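J.: Handing you a structure now.
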Amino acid sequence: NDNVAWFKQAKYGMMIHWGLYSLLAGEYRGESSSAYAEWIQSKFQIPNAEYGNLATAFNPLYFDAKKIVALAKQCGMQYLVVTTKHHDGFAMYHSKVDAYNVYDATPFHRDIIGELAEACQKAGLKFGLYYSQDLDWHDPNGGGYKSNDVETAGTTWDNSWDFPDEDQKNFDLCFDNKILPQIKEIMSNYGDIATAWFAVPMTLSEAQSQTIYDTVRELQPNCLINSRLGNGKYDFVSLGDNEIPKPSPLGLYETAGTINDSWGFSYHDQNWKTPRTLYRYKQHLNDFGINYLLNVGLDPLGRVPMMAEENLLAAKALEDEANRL
Amino acid sequence: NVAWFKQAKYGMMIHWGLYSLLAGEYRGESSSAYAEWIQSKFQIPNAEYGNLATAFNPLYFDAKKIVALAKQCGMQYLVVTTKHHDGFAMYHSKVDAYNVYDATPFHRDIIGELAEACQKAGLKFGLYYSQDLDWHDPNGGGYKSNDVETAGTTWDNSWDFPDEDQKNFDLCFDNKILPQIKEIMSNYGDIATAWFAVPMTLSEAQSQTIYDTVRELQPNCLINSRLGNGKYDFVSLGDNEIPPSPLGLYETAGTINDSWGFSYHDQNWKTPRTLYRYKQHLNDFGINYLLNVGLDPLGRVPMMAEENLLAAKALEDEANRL
Amino acid sequence: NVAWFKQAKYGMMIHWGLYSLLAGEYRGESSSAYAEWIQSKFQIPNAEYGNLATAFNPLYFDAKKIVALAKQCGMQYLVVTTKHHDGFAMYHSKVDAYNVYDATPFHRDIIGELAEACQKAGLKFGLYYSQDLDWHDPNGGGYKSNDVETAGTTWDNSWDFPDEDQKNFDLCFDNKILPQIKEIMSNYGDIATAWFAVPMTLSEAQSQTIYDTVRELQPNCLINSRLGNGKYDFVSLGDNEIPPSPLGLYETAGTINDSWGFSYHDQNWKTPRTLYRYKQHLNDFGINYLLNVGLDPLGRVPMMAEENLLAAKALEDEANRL
Amino acid sequence: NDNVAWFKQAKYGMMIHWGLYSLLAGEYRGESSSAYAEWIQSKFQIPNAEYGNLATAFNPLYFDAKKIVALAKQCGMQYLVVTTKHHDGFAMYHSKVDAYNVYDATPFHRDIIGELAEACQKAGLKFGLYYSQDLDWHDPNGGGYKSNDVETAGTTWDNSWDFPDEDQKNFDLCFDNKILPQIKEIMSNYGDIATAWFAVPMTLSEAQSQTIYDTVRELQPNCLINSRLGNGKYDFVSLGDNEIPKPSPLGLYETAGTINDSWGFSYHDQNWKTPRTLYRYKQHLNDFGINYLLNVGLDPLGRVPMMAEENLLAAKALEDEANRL
Ligand SMILES: CC(=O)N[C@@H]1[C@@H](O)[C@H](O)[C@@H](CO[C@@H]2O[C@@H](C)[C@@H](O)[C@@H](O)[C@@H]2O)O[C@H]1O
Ligand SMILES: CC(=O)N[C@@H]1[C@@H](O)[C@H](O)[C@@H](CO[C@@H]2O[C@@H](C)[C@@H](O)[C@@H](O)[C@@H]2O)O[C@H]1O
Ligand SMILES: CC(=O)N[C@@H]1[C@@H](O)[C@H](O)[C@@H](CO[C@@H]2O[C@@H](C)[C@@H](O)[C@@H](O)[C@@H]2O)O[C@H]1O
Ligand SMILES: CC(=O)N[C@@H]1[C@@H](O)[C@H](O)[C@@H](CO[C@@H]2O[C@@H](C)[C@@H](O)[C@@H](O)[C@@H]2O)O[C@H]1O
């Protein structure tokens with residue numbers, strides 16, 4: 001596991017958020033999502049029957065793994081993270097365990113995680129996966145239902161509309177049958193997984209948390225794990241905005257951000273960070289040994305938004321200018 | 001129909017086609033201000049552009065809700081792109097399989113649903129048709145008028161069909177335009193208004209011909225000053241043409257933002273106050289206002305389009321009680 | 001005054017000071033979301049920032065027109081920055097020459113003109129005052145609470161006066177705050193509402209003291225829950241505090257865009273529909289809505305602020321006849 | 001006059017629009033100017049009495065000639081053009097002949113053209129002047145009054161509100177007493193004038209046009225003149241949008257543009273051309289030997305707008321990256 005040497009010096013990665021939310025793109029029956037377009041289902045409490053129907057329209061003719069990695073590489077990014085399955089519970093890979101996925105439910109009929117994994121392999125880009133182990137709005141017993149006190153980017157953390165029998169919910173039925181099986185799948189196919197990115201535990205017991213830790217280590221021996229899974233059970237610390245100038249034993253650090261203000265594609269969110277904002281931030285994080293993980297929200301046709309692409313390239317140009325200074 | 005049109009005051013225009021899905025973006029680059037021209041701007045081969053049809057699945061398209069919205073804003077008629085410059089028919093065309101019904105997963109007659117929804121809602125129903133430009137046909141129009149600049153590149157499909165001189169527009173007219181014009185003027189019930197583009201190549205003969213087809217099939221259908229000089233019922237006026245028309249019928253078209261087709265990046269929405277003031281001014285001059293919405297790939301009125309249109313109606317009402 | 005405040009529903013807040021002229025820009029760089037903090041964000045020396053006073057000449061400032069506008073929107077009271085964190089008084093302060101009247105070409109009492117304009121217009125008149133932060137005074141407040149982050153840098157003027165421990169807030173309170181509070185509570189006629197900032201350093205003693213000054217001078221003046229616990233009349237609620245107050249009087253403050261001070265670059269204006277819906281929701285919960293405008297260097301309501309506020313009023317009226 | 005060799009290779013210049021219009025910044029009594037904020041007086045037919053009053057507020061503490069030229073030079077611009085006097089008739093220099101000027105009428109009490117001229121001299125930047133020889137809204141007999149047929153960025157071309165006796169107007173009274181005297185002043189002080197930039201003649205007779213030509217040649221022997229003055233009477237052709245791929249005998253070409261859509265500062269016009277748009281356009285023009293003259297509309301405090309500055313620098317960075325390719 002030389003992953004430690006490479007990660008301390010990697011400096012820069014691309015993150016991709018993509019799913020059904022990208023097609024609504026922050027808009028519903030004349031109204032805006034919150035800041036988080038990928039949260040749109042919770043914001044408006046969209047029934048699974050309706051929300052799920054987007055799968056029939058998901059036909060991104062312009063999705064192109066080859067082209068995306070070329071762009072990333074040109075900007076000097078050394079690794080790539082992708083949404084394998086977000087809060088909405090729609091798998092972006094061909095899951096044996098669950099047919100609610102890009103491959104089975106959509107005209108596209110293709111493995112999003114796969115095509116990117118290969119392209120990355122060939123380009124010499126490391127390949128990471130993101131997975132939402134706790135919230136899952138598709139599963140009757142999804143997590144979140146005891147932590148509804150805290151405010152969210154939607155309404156409740158859990159699917160409180162389709163499944164309102166709050167007391168009769170049991171996350172375990174969800175954990176054993178979907179989360180752990182799906183985690184097993186993604187950690188086994190698509191080759192070497194360099195980085196593992198989990199969502200924020202609210203409900204997953206330490207037992208359940210420990211299980212995932214163990215599962216990943218045996219399946220992907222060299223895979224570095226983000227501090228989010230569970231206390232004691234990680235390799236690099238994910239830093240949040242206010243953690244920017246808990247303990248990291250390998251000396252490995254990452255902060256994730258987006259270029260505009262949303263993680264998922266949002267038509268109306270044109271508040272793109274300037275090239276200079278992008279470059280300066282990277283410089284500051286890197287000098288503090290913190291890696292910068294920069295998100296692209298793919299558009300409905302599978303394209304990097306024009307303004308996202310432009311701004312990334314200018315920050316790279318600025319960087320080169322400045323580093324020959 | 002004449003009395004009704006003189007008092008109508010307000011109409012909806014709809015741009016819709018394959019171009020709406022690219023939404024102003026092509027291989028990392030921006031369309032012009034006019035997003036619906038996107039195929040020409042970048043000279044997208046017919047094979048590829050047409051392929052968009054395989055992705056055209058607007059689950060949230062809803063003629064009823066759209067017309068309900070239109071009516072709520074006080075609009076008395078609605079015009080729709082039956083077929084724009086791209087040569088893609090948005091109705092179930094017998095003569096050409098390059099159409100919404102046969103070529104797309106959606107597999108539905110957009111014009112039909114709107115025609116019925118309008119009939120049932122008691123809204124008049126108009127049609128737009130590109131009788132001159134046709135980027136899908138080897139002998140499509142446009143190739144004699146290329147000195148003047150466009151919102152794309154050439155007027156014609158000069159890329160797939162570059163044999164400029166061996167092109168002959170007559171072959172296209174005989175086989176696609178007039179048949180398609182015949183199609184739309186017979187189905188979809190009463191057609192109150194007919195909207196044609198600006199001839200470049202269509203001879204006076206051809207211009208007169210289309211007129212006749214409409215008169216025989218749709219006697220009271222009012223025709224826009226674009227067909228031919230002497231051979232029309234209302235004059236289309238542009239912004240800069242307003243400070244003959246034999247019936248005294250007048251219309252000016254605009255868009256809410258700066259594009260006709262949906263364009264992700266064009267958020268330069270005119271404020272509600274701008275929209276309302278213009279209509280009042282036009283109406284006071286008896287000019288009818290036809291205001292265009294370019295619906296997005298899911299068939300939705302863009303949020304800012306809907307909000308601002310509705311706010312303009314509220315603004316109008318306050319002032320007429322004032 | 002209590003009965004009137006319970007039914008008022010709608011107020012204007014005004015941010016104004018030297019910061020408005022920089023308008024979100026300093027030596028090529030952006031302020032935070034909160035433009036009025038600009039001096040702290042970049043640690044602009046008092047000598048330089050104060051120098052803005054020499055440029056403060058708002059020829060188009062017009063209290064009458066502003067109040068006319070406010071009244072037209074149905075607002076029943078108006079609050080103004082008498083002196084914000086920057087420590088610049090926007091009224092003719094006897095105690096400190098760092099003020100609009102003496103230090104600026106404009107040479108006018110902004111609060112006075114507004115107080116009169118409001119009296120004459122029949123609008124109630126409120127005051128905002130930064131009783132705690134004061135970036136102009138060597139011993140200004142803020143220096144005991146620097147672990148928590150701000151919209152600038154430090155809470156206090158930690159740059160001109162970096163001798164953190166040899167600072168003593170009491171000296172500032174005695175010489176500037178309470179005298180200035182005394183000033184504003186005696187002149188400018190009837191004061192209906194009083195708006196203080198969040199204590200960091202102001203002891204309970206000092207908090208109680210200001211209260212007394214207001215009660216003696218302005219018996220019916222209603223006081224915002226910021227002064228001190230038990231020692232107040234209405235509770236200021238923030239967005240996230242709403243899904244004690246002994247009189248049942250409540251107010252929530254917001255801005256139209258994302259900044260309090262004028263900021264050239266902050267064009268993220270909330271649409272009219274957003275503004276109207278929020279007010280209705282608050283009012284239904286009896287919470288009064290106080291909506292802030294940061295006037296620009298010429299004393300003007302920004303075009304998009306005026307347009308959207310007025311459109312929101314029209315929107316409100318339509319719905320209550322519906 | 002080696003100006004020919006230098007200009008064919010100069011490639012890039014800064015233009016500055018600045019005057020009273022910058023303080024209204026595209027806004028009047030709750031309403032927007034047209035696209036051209038510097039036209040604001042005509043758009044709303046603002047009486048001279050009111051419009052002129054802005055002079056008392058013109059106190060740009062942050063005007064800084066030194067800093068502006070440094071920025072320009074860093075972007076590789078080889079010359080600088082400035083508004084000496086725009087359509088509004090407000091002189092931005094200390095005019096002996098007319099007290100309606102930055103020096104006499106404003107607290108600033110400073111010569112805008114002068115301070116920039118010196119800074120440019122010291123930096124090794126060439127120094128050009130723009131002057132509106134035809135429209136002058138301050139003069140009772142200003143030009144424009146026979147050409148009111150054509151649509152403008154305001155209303156009429158002339159001051160049609162304060163001075164409506166259209167038939168009793170005589171441009172000559174204006175030409176002899178203000179235009180030619182003021183042109184004499186600006187072409188004599190402030191040292192060598194490398195470039196001369198005139199507005200669009202509508203009304204200035206050939207006689208009057210010839211006069212200006214002659215006046216400049218004797219006063220500034222080596223000064224290159226923009227094709228706008230008069231047919232036969234120029235050194236470089238000013239190209240407009242539609243003249244971009246009449247006759248230029250020296251082979252000298254310039255196109256002027258702005259970064260956003262306005263020439264004068266406009267608070268509300270945030271439609272800044274992207275860095276990439278700026279760079280690509282320059283490249284295209286330069287390859288066709290056409291010089292690119294790029295406008296900055298100084299803000300009320302005399303500062304280059306933040307987004308204007310940022311975008312210029314990124315285009316330069318992109319250019320450097322690409323030219324080492
Ligand atoms: C109140 C609120 O919205 N708080 C948000 C959380 O809702 C949000 O989950 C969290 C981080 O966002 C999570 O991680 C990113 C990477 C993306 O996957 C989101 O969809 C996740 O929800 O940020 C808080 O501020
Ligand atoms: C530069 C440019 O292309 N300018 C365009 C013209 O090309 C265009 O013909 C004209 C009219 O627009 C026509 O009608 C609208 C409704 C839409 O269908 C366009 O695609 C048509 O070309 O508008 C000018 O601005
Ligand atoms: C990160 C940050 O600074 N957040 C700010 C706080 O600093 C601020 O205290 C709080 C309340 O804002 C206060 O009142 C408004 C009206 C204005 O005068 C501000 O300058 C004050 O500080 O708001 C948080 O968002
Ligand atoms: C109809 C219209 O607005 N036409 C405008 C003219 O009004 C305008 O004068 C012209 C060029 O603008 C002139 O030159 C620039 C450099 C600047 O000084 C402007 O203030 C001048 O008016 O462009 C036409 O399109």
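Every chain in the structure tokens has a letter given in the order shown (A, B, ...), and although residue numbers restart at 1 in each chain, ligands are simply numbered from 1 in the order shown.
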May I have the residues within 10 Å of range 9-12 of chain D as a VMD selection string, using only C-alpha atoms and disregarding those fewer than 3 positions away in the same chain?
T.: chain D and resid 3 to 6 72 to 73 75 to 80 126 252 to 255 282 to 283 285 to 287 289 to 294
J.: Which residues, written as a ChimeraX atom specification, have at least one atom at most 9 Å from residue 161 in chain B, with only C-alpha atoms counted and residues fewer than 3 positions away on the same chain left out?
T.: /B:137-139,156-158,164,167
J.: Please produce an output containing N, CA and C atoms for each residue in the selection, written as an mmCIF file, in the first residue's frame.
T.:
data_model
loop_
_atom_site.group_PDB
_atom_site.id
_atom_site.type_symbol
_atom_site.label_atom_id
_atom_site.label_comp_id
_atom_site.auth_asym_id
_atom_site.auth_seq_id
_atom_site.Cartn_x
_atom_site.Cartn_y
_atom_site.Cartn_z
ATOM 1 N N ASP B 137 -33.150 18.094 -45.874
ATOM 2 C CA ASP B 137 -33.361 17.728 -47.286
ATOM 3 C C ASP B 137 -32.182 18.134 -48.170
ATOM 4 N N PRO B 138 -31.584 17.202 -48.937
ATOM 5 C CA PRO B 138 -30.481 17.570 -49.851
ATOM 6 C C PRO B 138 -30.722 18.874 -50.615
ATOM 7 N N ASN B 139 -31.974 19.154 -50.987
ATOM 8 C CA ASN B 139 -32.324 20.318 -51.798
ATOM 9 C C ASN B 139 -33.132 21.332 -50.989
ATOM 10 N N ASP B 156 -28.694 27.184 -45.394
ATOM 11 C CA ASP B 156 -28.961 25.832 -45.845
ATOM 12 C C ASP B 156 -28.015 24.853 -45.157
ATOM 13 N N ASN B 157 -28.305 23.564 -45.304
ATOM 14 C CA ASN B 157 -27.341 22.544 -44.896
ATOM 15 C C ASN B 157 -26.254 22.505 -45.967
ATOM 16 N N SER B 158 -25.239 23.349 -45.784
ATOM 17 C CA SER B 158 -24.116 23.460 -46.707
ATOM 18 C C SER B 158 -22.997 22.486 -46.376
ATOM 19 N N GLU B 164 -23.431 22.984 -53.753
ATOM 20 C CA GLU B 164 -24.322 24.147 -53.773
ATOM 21 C C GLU B 164 -25.094 24.285 -55.079
ATOM 22 N N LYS B 167 -27.935 21.747 -56.277
ATOM 23 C CA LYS B 167 -29.101 21.697 -55.417
ATOM 24 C C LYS B 167 -30.214 22.389 -56.177
#
J.: Show which residues sit within 8 Å of residue 311 in chain B, as a PDB file with C-alpha atoms, in the first residue's frame. Count only C-alpha atoms, and ignore same-chain residues fewer than 2 positions away.
T.:
ATOM      1  CA  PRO B 272     -41.919  41.192 -15.206  1.00  0.00           C
ATOM      2  CA  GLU B 307     -42.924  33.146 -12.516  1.00  0.00           C
ATOM      3  CA  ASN B 308     -42.344  36.298 -14.563  1.00  0.00           C
ATOM      4  CA  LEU B 309     -45.249  35.753 -16.975  1.00  0.00           C
ATOM      5  CA  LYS B 313     -50.462  39.371 -15.413  1.00  0.00           C
ATOM      6  CA  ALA B 314     -50.863  40.460 -11.782  1.00  0.00           C
ATOM      7  CA  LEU B 315     -49.085  43.725 -12.629  1.00  0.00           C
TER       8      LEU B 315
ATOM      9  CA  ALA C 311     -44.152  43.674  -7.749  1.00  0.00           C
ATOM     10  CA  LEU C 315     -48.755  40.015  -5.964  1.00  0.00           C
TER      11      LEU C 315
END
J.: Show me which residues are within 6 Å of ligand 3 counting only C-alpha atoms and all ligand atoms, and format the list as a PyMOL selection string.
T.: chain C and resi 149-151
J.: When the cut-off is 8 Å and you count only C-alpha atoms and all ligand atoms, which residues lie near ligand 1, shown as a PDB file with N, CA and C atoms, in the first residue's frame?
T.:
ATOM      1  N   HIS A  17     -20.991  14.091  -9.258  1.00  0.00           N
ATOM      2  CA  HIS A  17     -22.349  13.789  -8.820  1.00  0.00           C
ATOM      3  C   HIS A  17     -23.248  13.635 -10.043  1.00  0.00           C
ATOM      4  N   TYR A  36     -29.191  22.383  -2.889  1.00  0.00           N
ATOM      5  CA  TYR A  36     -28.712  21.046  -3.234  1.00  0.00           C
ATOM      6  C   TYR A  36     -29.708  20.383  -4.185  1.00  0.00           C
ATOM      7  N   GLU A  38     -29.418  17.732  -5.898  1.00  0.00           N
ATOM      8  CA  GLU A  38     -29.479  16.280  -5.804  1.00  0.00           C
ATOM      9  C   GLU A  38     -30.418  15.850  -4.687  1.00  0.00           C
ATOM     10  N   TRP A  39     -30.768  16.777  -3.793  1.00  0.00           N
ATOM     11  CA  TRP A  39     -31.696  16.599  -2.679  1.00  0.00           C
ATOM     12  C   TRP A  39     -33.143  16.795  -3.078  1.00  0.00           C
ATOM     13  N   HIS A  86     -26.332   7.491  -4.764  1.00  0.00           N
ATOM     14  CA  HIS A  86     -26.567   8.646  -3.924  1.00  0.00           C
ATOM     15  C   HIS A  86     -27.779   8.405  -3.016  1.00  0.00           C
ATOM     16  N   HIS A  87     -28.195   9.451  -2.282  1.00  0.00           N
ATOM     17  CA  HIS A  87     -29.262   9.324  -1.283  1.00  0.00           C
ATOM     18  C   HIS A  87     -30.550   8.755  -1.862  1.00  0.00           C
ATOM     19  N   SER A 132     -23.523   6.230  -0.389  1.00  0.00           N
ATOM     20  CA  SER A 132     -24.420   6.653   0.696  1.00  0.00           C
ATOM     21  C   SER A 132     -24.896   5.497   1.574  1.00  0.00           C
ATOM     22  N   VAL A 150     -32.730  17.668  13.219  1.00  0.00           N
ATOM     23  CA  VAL A 150     -31.784  18.575  12.577  1.00  0.00           C
ATOM     24  C   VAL A 150     -32.323  18.970  11.208  1.00  0.00           C
ATOM     25  N   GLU A 151     -32.037  20.202  10.789  1.00  0.00           N
ATOM     26  CA  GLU A 151     -32.581  20.700   9.538  1.00  0.00           C
ATOM     27  C   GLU A 151     -31.750  20.143   8.389  1.00  0.00           C
ATOM     28  N   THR A 152     -32.393  19.943   7.240  1.00  0.00           N
ATOM     29  CA  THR A 152     -31.726  19.344   6.090  1.00  0.00           C
ATOM     30  C   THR A 152     -31.838  20.253   4.867  1.00  0.00           C
ATOM     31  N   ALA A 153     -31.296  19.777   3.742  1.00  0.00           N
ATOM     32  CA  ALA A 153     -31.453  20.439   2.450  1.00  0.00           C
ATOM     33  C   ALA A 153     -32.755  20.073   1.762  1.00  0.00           C
ATOM     34  N   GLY A 154     -33.568  19.245   2.397  1.00  0.00           N
ATOM     35  CA  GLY A 154     -34.874  18.880   1.910  1.00  0.00           C
ATOM     36  C   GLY A 154     -35.887  19.178   2.986  1.00  0.00           C
ATOM     37  N   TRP A 157     -34.592  13.715   6.768  1.00  0.00           N
ATOM     38  CA  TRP A 157     -33.422  12.988   6.272  1.00  0.00           C
ATOM     39  C   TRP A 157     -33.844  11.714   5.557  1.00  0.00           C
ATOM     40  N   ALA A 199     -20.973   8.636   3.027  1.00  0.00           N
ATOM     41  CA  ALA A 199     -21.826   9.757   3.390  1.00  0.00           C
ATOM     42  C   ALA A 199     -21.758   9.914   4.901  1.00  0.00           C
ATOM     43  N   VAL A 200     -22.592  10.760   5.499  1.00  0.00           N
ATOM     44  CA  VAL A 200     -22.449  11.079   6.915  1.00  0.00           C
ATOM     45  C   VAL A 200     -23.275  10.077   7.718  1.00  0.00           C
ATOM     46  N   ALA A 256     -13.593  18.269  -0.050  1.00  0.00           N
ATOM     47  CA  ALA A 256     -14.412  18.267  -1.254  1.00  0.00           C
ATOM     48  C   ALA A 256     -15.184  19.575  -1.389  1.00  0.00           C
ATOM     49  N   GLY A 257     -15.198  20.125  -2.611  1.00  0.00           N
ATOM     50  CA  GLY A 257     -16.076  21.227  -2.943  1.00  0.00           C
ATOM     51  C   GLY A 257     -16.644  21.091  -4.342  1.00  0.00           C
ATOM     52  N   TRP A 263     -24.164  20.450  -5.795  1.00  0.00           N
ATOM     53  CA  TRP A 263     -23.437  19.249  -6.194  1.00  0.00           C
ATOM     54  C   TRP A 263     -24.040  18.606  -7.440  1.00  0.00           C
ATOM     55  N   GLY A 264     -25.351  18.404  -7.445  1.00  0.00           N
ATOM     56  CA  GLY A 264     -26.023  17.972  -8.649  1.00  0.00           C
ATOM     57  C   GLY A 264     -26.200  19.140  -9.597  1.00  0.00           C
TER      58      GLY A 264
END
J.: All residues within 10 Å of ligand 2 are required, counting only C-alpha atoms and all ligand atoms; please report them as a ChimeraX atom specification.
T.: /B:13-15,32-38,41,81,83-86,128-130,133,148-155,195-199,238,253-255,258-261,292
J.: Select, as a PyMOL selection string, those residues of chain A with any atom no more than 6 Å from chain B (distances computed using only C-alpha atoms).
T.: chain A and resi 30+57+59+267+306
J.: With C-alpha atoms retained, export the selected residues as a PDB file, in the first residue's frame.
T.:
ATOM      1  CA  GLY A  30     -42.399  25.692 -11.492  1.00  0.00           C
ATOM      2  CA  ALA A  57     -35.797   9.314 -19.797  1.00  0.00           C
ATOM      3  CA  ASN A  59     -30.499   8.530 -22.103  1.00  0.00           C
ATOM      4  CA  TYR A 267     -29.966  24.816 -14.627  1.00  0.00           C
ATOM      5  CA  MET A 306     -19.633  24.580 -20.347  1.00  0.00           C
TER       6      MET A 306
END
J.: Can you measure CA of residue 9 in chain B to CA of residue 210 in chain B for me? One decimal in Å is fine.
T.: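 Straight-line distance from CA of residue 9 in chain B to CA of residue 210 in chain B works out to 27.1 Å.
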J.: Find the residues of chain D in contact range of chain A, meaning any atom within 8 Å when counting only C-alpha atoms, and list them as a list in words.
T.: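 Here is what falls inside 8 Å: residues 275, 276, 310, 314, 317, 318, 320 and 321 of chain D.
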J.: Do you know which residues are at most 12 Å from residue 178 in chain D counting only C-alpha atoms, after dropping those on the same chain fewer than 4 positions away, and could you put them as an NGL selection string?
T.: :D and (85 or 89-91 or 95-100 or 132-136 or 138-142 or 171-174 or 182-185)
